[PDB]
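A.B. asks: Got a structure here, written out as structure tokens. Questions coming.
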Amino acid sequence: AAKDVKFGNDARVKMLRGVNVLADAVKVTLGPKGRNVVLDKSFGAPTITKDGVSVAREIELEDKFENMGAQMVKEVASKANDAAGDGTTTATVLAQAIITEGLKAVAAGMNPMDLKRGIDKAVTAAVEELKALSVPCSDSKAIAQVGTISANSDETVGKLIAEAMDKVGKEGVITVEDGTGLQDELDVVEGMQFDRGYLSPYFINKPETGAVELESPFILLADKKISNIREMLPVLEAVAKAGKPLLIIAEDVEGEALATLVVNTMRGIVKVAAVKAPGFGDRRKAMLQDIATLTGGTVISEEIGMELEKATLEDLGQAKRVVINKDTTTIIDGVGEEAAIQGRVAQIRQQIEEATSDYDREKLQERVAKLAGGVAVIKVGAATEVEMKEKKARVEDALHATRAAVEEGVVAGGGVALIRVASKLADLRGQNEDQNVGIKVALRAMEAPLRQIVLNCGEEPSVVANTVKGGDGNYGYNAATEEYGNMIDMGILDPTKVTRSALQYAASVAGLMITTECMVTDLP
Amino acid sequence: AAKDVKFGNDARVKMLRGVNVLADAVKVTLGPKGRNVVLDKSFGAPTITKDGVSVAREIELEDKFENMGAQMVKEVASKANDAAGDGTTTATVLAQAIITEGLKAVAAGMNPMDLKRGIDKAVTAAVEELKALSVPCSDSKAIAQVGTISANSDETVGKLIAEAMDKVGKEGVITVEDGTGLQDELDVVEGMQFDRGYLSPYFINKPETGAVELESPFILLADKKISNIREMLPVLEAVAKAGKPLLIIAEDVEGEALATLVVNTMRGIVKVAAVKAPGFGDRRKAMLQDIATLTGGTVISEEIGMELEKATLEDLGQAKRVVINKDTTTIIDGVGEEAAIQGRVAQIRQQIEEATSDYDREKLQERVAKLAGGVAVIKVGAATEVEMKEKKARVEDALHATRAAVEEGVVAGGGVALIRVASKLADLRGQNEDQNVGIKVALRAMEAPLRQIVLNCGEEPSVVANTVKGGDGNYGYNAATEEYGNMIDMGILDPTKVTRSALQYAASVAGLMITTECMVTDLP
Amino acid sequence: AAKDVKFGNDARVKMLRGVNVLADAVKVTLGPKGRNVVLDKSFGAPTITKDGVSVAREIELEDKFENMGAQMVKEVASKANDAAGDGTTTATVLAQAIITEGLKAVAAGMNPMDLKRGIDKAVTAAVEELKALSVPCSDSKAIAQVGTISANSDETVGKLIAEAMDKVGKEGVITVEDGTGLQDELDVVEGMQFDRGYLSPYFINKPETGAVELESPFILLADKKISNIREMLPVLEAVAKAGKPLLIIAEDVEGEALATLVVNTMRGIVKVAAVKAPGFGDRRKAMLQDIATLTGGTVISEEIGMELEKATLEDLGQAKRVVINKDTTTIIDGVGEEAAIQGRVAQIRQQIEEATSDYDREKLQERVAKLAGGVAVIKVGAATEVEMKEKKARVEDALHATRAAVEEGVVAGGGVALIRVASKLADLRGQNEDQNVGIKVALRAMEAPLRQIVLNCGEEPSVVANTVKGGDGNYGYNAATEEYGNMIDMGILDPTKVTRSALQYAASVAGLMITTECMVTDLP
Ligand SMILES: Nc1ncnc2c1ncn2[C@@H]1O[C@H](COP(=O)(O)OP(=O)(O)O)[C@@H](O)[C@H]1O
Ligand SMILES: Nc1ncnc2c1ncn2[C@@H]1O[C@H](COP(=O)(O)OP(=O)(O)O)[C@@H](O)[C@H]1O
Ligand SMILES: Nc1ncnc2c1ncn2[C@@H]1O[C@H](COP(=O)(O)OP(=O)(O)O)[C@@H](O)[C@H]1O
Ligand code: BEF
Ligand code: BEF
Ligand SMILES: [K+]
Ligand SMILES: [K+]
Ligand SMILES: [K+]
Ligand SMILES: [Mg+2]
Ligand SMILES: [Mg+2]
Ligand SMILES: [Mg+2]
């Protein structure tokens with residue numbers, strides 16, 4: 001359709017107005033004393049949230065040029081959420097500061113591309129300084145402190161996440177989902193477990209708990225649809241002679257074979273249970289081979305040149321306990337050599353290194369956890385559903401921040417690390433005067449998060465900013481208790497990855513946004 | 001539908017208004033100090049661009065006569081993009097200058113057809129002068145300079161493209177795609193490679209890298225669907241006696257034959273890998289014949305009169321190394337006579353000479369690169385997605401400019417070549433006074449790009465243009481560093497093809513736009 | 001729906017307003033100094049045309065009585081384009097002049113039917129005078145001059161058309177298509193050629209050019225389906241004994257016969273190529289019989305009572321060379337007696353004389369051209385697409401004018417022939433005074449084209465008209481150089497057919513339009 005075309009300062013003013021609208025909506029939720037935003041939903045009740053990307057993803061304006069400005073600045077928060085899972089409000093605050101100062105410098109007669117180059121140079125130097133300023137985060141106390149800070153100063157969430165990380169291990173998986181009561185609970189599983197249960201209720205040998213218990217059984221791993229029992233007679237006779245229980249993992253067991261097995265169980269001849277293989281497609285084969293490696297067995301498939309009639313005792317894996325119930329199967333203390341397990345997990349790790357999407361990496365890491373580490377689930381408890389959603393979001397944020405701190409270390413929080421970096425970069429110079437102006441723009445915009453944090457508390461940002469800048473090291477301002485001190489001692493920690501990512505994406509979007517001269521959109 | 005008819009000066013005023021709207025939208029992005037344009041997208045985020053055709057393709061006007069003018073001038077940029085891939089803003093600037101001066105002459109009582117004829121004569125003479133003025137671009141330093149200038153003065157892109165062109169050769173192919181990191185990378189693959197992987201995971205003999213590696217194999221090229229093992233026993237027996245691996249490139253293999261092959265693999269009988277033939281249809285046959293000529297083998301086809309059971313060791317190709325992964329297959333150092341490869345590439349070159357669509361030519365050039373040269377891929381790295389899109393567009397422009405400069409030579413940049421040509425054409429004359437006026441119109445319009453480049457810098461175009469006109473040779477004006485000097489020494493190079501194409505298309509459209517007397521369009 | 005009814009002078013002024021609008025849109029493009037008209041297209045870009053019928057076909061008006069007038073006067077241009085292919089602006093100018101003068105006469109109280117009868121009488125006498133005034137046009141110089149004049153004074157177009165007409169001969173056909181370069185080229189084909197290529201790439205015996213070449217082949221013409229080699233075997237063995245190649249033109253060939261033929265090809269047994277028959281249906285039989293009578297063979301069909309298995313060397317045609325490629329087949333120097341060719345072309349001529357649509361006549365003419373003369377194609381080259389379209393239209397107009405001038409002769413151009421005729425018809429009288437008034441109306445309207453040509457030049461039409469009327473013979477006015485002289489020596493020629501058609505159609509529509517008294521249309 002027809003277009004509307006604007007040039008120069010008019011387009012820049014519309015774009016800045018849209019950016020300011022989105023940023024002012026988002027920045028009320030920053031810090032320990034930030035407040036909540038209510039977001040209307042078409043299908044359901046409103047959501048009360050304190051998360052920056054959640055607020056940013058629903059801001060849209062009726063003016064089309066202002067909406068273009070807002071849509072451009074929204075990508076900073078979206079990309080920060082995708083990268084680190086935290087630090088999105090800080091990214092938006094930095095982007096708005098850079099855009100405002102850059103437009104003010106452009107209107108003074110500077111070349112926008114030289115300003116962009118200066119911003120790029122300052123940001124590269126700042127990221128180098130941040131990496132040199134980081135400190136490792138290894139003890140459980142520091143992980144608890146990071147999880148507490150990220151969950152809006154909540155001691156219990158940090159303590160729970162620290163305990164979960166301690167029990168599960170370095171190669172495990174922790175997940176968050178909705179609970180039932182009013183308290184948080186942590187359920188950890190050791191060993192391997194998949195969401196497939198027994199195929200016949202008569203298999204139950206312990207009616208008290210409604211579960212199948214087997215002691216030191218054999219595991220028959222068959223990559224084949226089992227329908228006729230005639231294929232199953234040799235191994236059945238073998239295990240009957242041996243006298244130990246048998247577990248059959250296959251794609252399915254049909255009516256007559258299942259009937260034969262169940263009839264044989266309750267007569268005291270053989271102790272048999274049968275469950276279906278987990279997953280759909282090639283992943284089924286992968287986890288079948290994982291179980292085979294764990295229990296020291298062999299997968300009986302027709303694509304390798306084996307038939308189940310020829311299966312013998314050494315082809316059956318062995319475990320210590322198998323617990324099957326209506327929904328889950330658990331294999332406990334599988335008998336398998338450590339070398340094979342390490343080789344398999346190494347193969348999965350190098351497979352992880354060559355994965356693109358999040359879904360594949362999550363599945364592969366879950367497989368590594370099943371083979372080697374553990375899997376935990378955190379249940380969030382709240383009285384109402386809105387409180388449940390808000391607490392679940394906070395817990396997920398704390399989980400992400402603790403992970404990032406584990407990979408890349410921690411720096412002093414509260415906006416002090418960026419101030420220290422900007423004070424260190426005071427002698428950085430570029431090629432020409434416009435690049436110097438851009439460097440100064442970036443360095444001055446690095447002080448925005450602390451000023452906004454102090455502003456949300458109702459105090460005077462300039463006095464606090466000058467007092468913090470007058471110090472050195474980890475000297476900072478505690479916004480919760482309104483006192484100065486050492487932020488490392490007070491337990492106010494931020495991951496280096498979150499800070500660095502926020503700075504990088506903010507600069508990347510803002511530098512491009514500064515250079516606009518013309519702006520084209522549809523007519524009202 | 002009912003129409004609106006407008007005559008003479010009113011029609012010309014509306015047309016010039018539309019042309020001016022589109023040209024002023026496009027011309028803010030010209031030079032080293034041009035800026036960006038934000039284009040609103042219905043599906044997604046806004047697009048920030050500096051490319052002329054991208055801006056031109058979006059402009060539309062609500063008035064209908066003005067929209068006719070804009071739609072008519074848009075074809076200059078479209079044609080320049082399709083022909084050379086670069087120089088669209090310069091073409092638009094030249095078109096607008098010619099249209100403005102020509103309408104000014106027509107309003108003074110000149111015959112538009114004679115003005116058109118004079119403009120065409122001047123443009124023909126100018127193209128001859130430009131061809132007489134160019135210089136070869138053969139060493140890598142000049143290629144780097146051209147790629148740097150065409151990428152908004154980005155040295156790294158120019159050096160990367162120079163290295164890629166050095167490695168991949170004269171007959172190679174270079175493509176640009178999205179990366180994942182923050183740094184650009186170049187990955188060149190030598191030899192022939194196709195994107196078809198192994199047909200069964202059990203074929204892998206190197207689990208550490210997950211690759212199927214074979215040393216000096218036989219290659220069996222079956223242009224048919226392989227159904228039963230029985231058709232293959234003679235070949236397998238011969239290869240097993242021979243004692244070296246065998247690679248089966250066929251249309252596909254089902255469960256039975258593949259099961260037999262895989263069973264034989266790990267038993268130590270014969271080392272065999274199977275992959276699917278690349279392509280779909282006739283191109284599949286062409287690729288199979290290319291592999292046959294490269295490796296020195298024969299394709300087993302029913303339409304030629306041979307069967308798989310009759311195949312011998314003479315119909316099998318040979319190589320030195322074959323590496324297969326989950327997605328790619330690589331044939332390294334095929335053992336074949338160079339004469340056959342030269343004949344095949346000459347035949348494909350002849351096929352190229354009679355190729356119309358660009359897709360077919362691209363596929364044929366990729367096939368020639370596989371046979372004779374290499375394939376290089378440049379992966380662009382950026383922090384966000386808008387930055388990625390801009391960097392990718394600039395890298396593509398630099399690639400096109402370097403190709404054009406290699407094929408046709410380079411002239412002085414900055415709009416200096418056009419000014420030198422116009423100064424050389426100072427005594428050209430036509431048959432009557434209107435033709436002379438048209439010649440002068442074209443000569444005056446040839447100075448527009450330099451004036452616009454100086455205008456975007458905040459300088460005065462008149463003084464700079466006069467000073468440049470006062471010099472001779474490669475003397476010019478550097479807009480980045482704001483000084484005068486030799487354009488060749490300071491590295492501002494422009495392909496002759498881009499300049500010539502821009503001038504030709506601009507004149508071709510502007511001359512016809514000048515001769516309009518009536519306009520017919522729908523009612524509002 | 002409800003109707004609106006207007007009576008008398010109101011209806012007549014509405015009609016004249018519509019006529020004036022369309023004619024003023026059209027007449028700006030008349031003469032050597034007429035201009036271009038931009039026509040808006042809903043799907044694509046606007047077209048810049050100088051063709052009168054093209055301008056007329058897109059005129060429609062919001063008012064409904066004015067739209068009736070425009071829709072009525074549009075038929076003159078449509079009919080003139082359909083008949084002669086040229087001279088539509090002149091027809092519209094004549095129609096408007098007649099309508100204006102006739103309405104002026106009617107307003108003075110004269111019977112419209114008598115005016116119509118007088119106009120018809122005058123036009124009949126004028127057409128007789130035009131037929132008597134013509135001179136033959138057979139020289140290549142005169143054909144070049146006609147093509148130059150009709151192509152808007154383009155020497156190259158006239159020269160190219162003259163050369164093409166000389167090469168193809170009297171009975172040949174010439175077509176115009178889009179070229180690829182910037183220069184026009186002429187591509188003439190000698191012999192017979194049809195657009196069917198080889199059925200298998202392995203028939204190629206010259207792979208440097210990728211074409212099949214046979215020297216002194218045998219041509220097997222079979223109007224049947226061939227799938228099994230059993231009915232093909234005896235003639236194949238006979239050809240193998242003969243020792244010379246064979247070309248099979250049939251309906252098509254299935255896999256069995258094609259595989260057999262190709263298998264015998266590269267073994268050196270028989271040099272065989274197979275193609276499909278041209279055409280679909282009865283026309284396919286017609287071209288099969290044409291090839292048979294050209295090469296001196298017999299068509300094998302079931303509907304005549306012959307079988308392929310019974311074929312001998314007598315039923316096989318013979319040629320001197322056959323070249324086949326991906327798309328075209330050419331038979332060079334067929335061995336046939338010219339009496340058969342003459343009889344066949346005579347049969348097709350009598351078929352031509354009894355053809356209603358132009359499409360069947362075009363196919364029959366192409367068949368005669370393939371039998372006797374040649375087929376040429378002119379490729380029009382231009383830089384852009386708008387220039388391409390306008391140049392192609394001009395070339396087609398020049399081709400139409402050249403054919404018409406060959407058919408019926410030439411007269412002096414610039415509107416001088418009509419003036420001479422009108423001067424010769426000064427003594428013509430009717431039955432009553434109103435018929436005499438109608439005759440004078442027609443004679444006055446015959447002077448409109450020269451007046452409009454002079455008006456488009458910026459000169460004063462009345463003085464030029466009187467000076468031309470004062471002369472005699474071919475004395476006229478040259479609007480290109482603004483000079484008087486002999487129109488024949490200056491090279492300004494028009495076909496007699498075009499002038500006669502324009503006059504006839506203009507008078508035919510205008511006479512009816514004069515006699516209106518009431519108009520009935522829908523409500524606005
Ligand atoms: N008690 C505190 N004193 C000072 N600063 C704090 C305190 N708690 C948190 N902060 C700072 O406030 C910021 C929290 O902002 P938040 O609302 O979580 O937005 P984001 O989505 O960017 O994390 C952190 O960067 C942290 O440095
Ligand atoms: N440093 C420089 N000094 C002077 N002129 C330059 C410099 N760099 C590029 N140019 C000129 O600017 C033009 C580049 O225009 P650009 O914005 O790339 O549009 P396009 O490539 O579409 O024509 C070229 O004609 C080139 O001669
Ligand atoms: N050099 C010339 N001097 C005078 N008359 C000319 C000249 N060239 C062409 N003409 C006249 O102009 C007319 C061409 O008008 P044109 O635009 O072709 O309209 P049409 O569609 O009726 O052919 C011809 O009738 C021809 O007699
Ligand atoms: F404006 Be061009 F695409 F460099
Ligand atoms: F306008 Be006509 F077709 F010469
Ligand atoms: K927040
Ligand atoms: K540009
Ligand atoms: K015309
Ligand atoms: Mg956080
Ligand atoms: Mg460019
Ligand atoms: Mg004409």
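Here's how to read the names in the structure tokens: chain A, B, ... by the order shown, residue numbers from 1 in each chain, ligand numbers from 1 in the order shown.
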Taking only region 189-374 of chain B into account, list the residues labelled strand (DSSP E or B) by DSSP (computed from the backbone), as number ranges by chain.
C.D. replies: B: 189-190, 192-194, 198, 206, 211-215, 218-226, 246-253, 272-276, 299-300, 317-318, 321-324, 329-332, 374
A.B. asks: Neighbours of ligand 1 within 8 Å, counting only C-alpha atoms and all ligand atoms, as JSON, numbers by chain?
C.D. replies: {"A": [29, 30, 31, 32, 34, 50, 51, 52, 53, 86, 87, 88, 89, 90, 91, 149, 150, 151, 152, 153, 412, 413, 414, 415, 416, 449, 450, 453, 476, 477, 478, 479, 480, 481, 492, 493, 494]}
A.B. asks: Write out as number ranges by chain which residues come within 9 Å of residue 83 (chain A) when counting only C-alpha atoms, dropping same-chain ones fewer than 5 positions away.
C.D. replies: A: 78, 498, 501
A.B. asks: How about saving the chosen residues, N, CA and C atoms kept, as a JSON list (two decimals), in the first residue's frame?
C.D. replies:
[["chain", "number", "residue", "atom", "x", "y", "z"],
["A", 78, "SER", "N", 14.76, -9.21, 24.13],
["A", 78, "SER", "CA", 14.49, -10.55, 23.61],
["A", 78, "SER", "C", 15.78, -11.36, 23.50],
["A", 498, "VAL", "N", 26.08, -12.42, 32.35],
["A", 498, "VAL", "CA", 24.87, -11.60, 32.24],
["A", 498, "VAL", "C", 25.23, -10.15, 31.95],
["A", 501, "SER", "N", 26.79, -9.83, 28.37],
["A", 501, "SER", "CA", 25.77, -9.98, 27.34],
["A", 501, "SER", "C", 24.88, -8.75, 27.26]]
A.B. asks: Using only C-alpha atoms, find the residues of chain C whose closest atom to chain B is at most 9 Å away, then write them as number ranges by chain.
C.D. replies: C: 21, 25, 28-29, 33-41, 44-48, 55, 58-63, 202, 207-210, 255-256, 258-260, 262-263, 382-387, 457
A.B. asks: For region 322-327 of chain B, please output as a PyMOL selection string all residues within 7 Å (counting only C-alpha atoms; exclusion window: fewer than 4 positions along the same chain).
C.D. replies: chain B and resi 195-198+210-215+331-332
A.B. asks: Mind pulling up the distance from CA of residue 341 (chain B) to CA of residue 247 (chain B)?
C.D. replies: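 Separating CA of residue 247 (chain B) from CA of residue 341 (chain B) is a distance of 21.2 Å.
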A.B. asks: Among the residues of region 328-483 of chain C, find those DSSP assigns to alpha helix (DSSP H) from the backbone and print them as a PyMOL selection string.
C.D. replies: chain C and resi 338-353+358-371+385-408+416-424+433-445+448-456+461-470
A.B. asks: If we count only C-alpha atoms and set the cut-off at 10 Å, which residues sit around residue 124 (chain A), ignoring sequence neighbours fewer than 5 positions away in its own chain? Please answer as a PyMOL selection string.
C.D. replies: chain A and resi 118-119+129-130+503-504
A.B. asks: Contacts of residue 334 (chain A) at 8 Å or less, counting only C-alpha atoms, minus same-chain residues fewer than 3 places along, as an MDAnalysis selection string?
C.D. replies: chainID A and resid 294:296 318:320 331
A.B. asks: Next, the residues of the selection above should be written as a PDB file, in the first residue's frame with N, CA and C atoms.
C.D. replies:
ATOM      1  N   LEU A 294      24.470 -49.296  30.015  1.00  0.00           N
ATOM      2  CA  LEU A 294      24.394 -49.167  31.467  1.00  0.00           C
ATOM      3  C   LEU A 294      24.316 -50.529  32.147  1.00  0.00           C
ATOM      4  N   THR A 295      23.467 -51.421  31.636  1.00  0.00           N
ATOM      5  CA  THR A 295      23.264 -52.723  32.260  1.00  0.00           C
ATOM      6  C   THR A 295      24.182 -53.806  31.713  1.00  0.00           C
ATOM      7  N   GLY A 296      25.022 -53.492  30.733  1.00  0.00           N
ATOM      8  CA  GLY A 296      25.906 -54.492  30.168  1.00  0.00           C
ATOM      9  C   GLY A 296      25.210 -55.519  29.306  1.00  0.00           C
ATOM     10  N   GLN A 318      21.935 -57.052  33.388  1.00  0.00           N
ATOM     11  CA  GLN A 318      21.585 -57.337  34.771  1.00  0.00           C
ATOM     12  C   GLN A 318      21.640 -56.055  35.589  1.00  0.00           C
ATOM     13  N   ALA A 319      20.713 -55.940  36.538  1.00  0.00           N
ATOM     14  CA  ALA A 319      20.649 -54.800  37.439  1.00  0.00           C
ATOM     15  C   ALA A 319      20.482 -55.321  38.860  1.00  0.00           C
ATOM     16  N   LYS A 320      20.340 -54.394  39.806  1.00  0.00           N
ATOM     17  CA  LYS A 320      20.136 -54.768  41.200  1.00  0.00           C
ATOM     18  C   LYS A 320      18.673 -54.676  41.614  1.00  0.00           C
ATOM     19  N   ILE A 331      15.494 -48.191  36.998  1.00  0.00           N
ATOM     20  CA  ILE A 331      16.531 -49.215  37.040  1.00  0.00           C
ATOM     21  C   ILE A 331      17.612 -48.729  37.992  1.00  0.00           C
TER      22      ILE A 331
END
